[PDB]
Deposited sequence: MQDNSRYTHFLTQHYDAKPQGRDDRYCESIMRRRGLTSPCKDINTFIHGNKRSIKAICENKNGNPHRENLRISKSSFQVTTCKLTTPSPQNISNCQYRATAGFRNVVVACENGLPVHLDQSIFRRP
């Protein structure tokens, strides 16, 4: 499903290096979440099977996972004058239960609000 694979593109990174500001700068860029800059974005780590397991037709049910996941949240921050155009991110990494919308047994959206 395209909603699900879009979810993976925006919110899944199996094995992250660093999980710091530098990590956020890199991954937001390569997942196409810059130009224009996305305001906040959280990545869930670990294996893909465990995320799918949190969850017809275009109806979505909101679910919080029963176990926690390693996550890294990238939040848009105050740009430096030397590259005001570029997207500057602050990373917040943690072990959190995640809230997703499930459609047909697959996660298709992440509730970004709880990581704000």
Could you spell out the stretches of the deposited sequence that were left without C-alpha coordinates, going in sequence order? 1-3, 59-63, 125-126
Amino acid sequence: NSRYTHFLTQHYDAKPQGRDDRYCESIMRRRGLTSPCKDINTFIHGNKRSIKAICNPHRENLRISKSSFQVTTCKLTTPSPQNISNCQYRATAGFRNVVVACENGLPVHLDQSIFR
From here on, numbers count along this sequence of modelled residues.
Where do the C-alpha atoms have the higher mean temperature factor in this entry, in 29-37 or in 79-87? 79-87
Based on the entry's values, in what third of the chain does the Cα temperature factor of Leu62 lie: lowest, middle or highest? highest
How does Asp21 rank on Cα B-factor within its chain, lowest, middle or highest third? middle
Looking at the entry's B-factor column for C-alpha atoms only, identify whether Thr72 ranks in the lowest, middle or highest third of its chain. lowest
Among the chain's modelled residues, which third holds the C-alpha B-factor of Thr42? lowest
